[PDB]
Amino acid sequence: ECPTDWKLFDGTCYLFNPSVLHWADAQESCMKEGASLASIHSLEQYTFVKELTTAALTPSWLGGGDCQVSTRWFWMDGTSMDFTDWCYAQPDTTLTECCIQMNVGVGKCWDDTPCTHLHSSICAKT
């Protein structure tokens, strides 16, 4: 039920893009194949997504941030910010590091990151 290479979890198709890109390049790459950088809304979705990110659980971009107004988090896929997994000392909430990166540090958790940093990414389409 997903296109070749994409992986199904509860009605949504996901793809890991290993190419290291800034957040906007990563979003554009998802969009070229009809997708967005992913959102996360449950523990099971989160585990499924982590399992796409190589054995290394590579630090990766998600489709979230607070880049318009600090502390106001939004996803790119029309869903709301509900579930989060902030690392200790996150989020900073500063506009200079406003894009959400997952798989950060030993704890494999979220950190609001300068959007120009280069990371792999997770795309999703439903």
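The numbering used is simple: start at 1 and walk along the sequence shown.
Annotation for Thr79, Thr58, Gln101, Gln27: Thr58 ranks highest, by Cα B-factor. The entry assigns its greatest Cα B factor, within the set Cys87, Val49, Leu43, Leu62, to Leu43. Split the chain's modelled residues into thirds by C-alpha temperature factor. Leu118 is in the highest one.
Annotation for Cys109: C-alpha temperature factor in the lowest third relative to the rest of the modelled chain, per the entry. In this PDB entry, the Cα temperature factor of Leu95 sits in the top third of its chain's modelled residues, the highest group. Per the PDB record, residue ranking by Cα B-factor puts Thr71 in the highest third of the chain.
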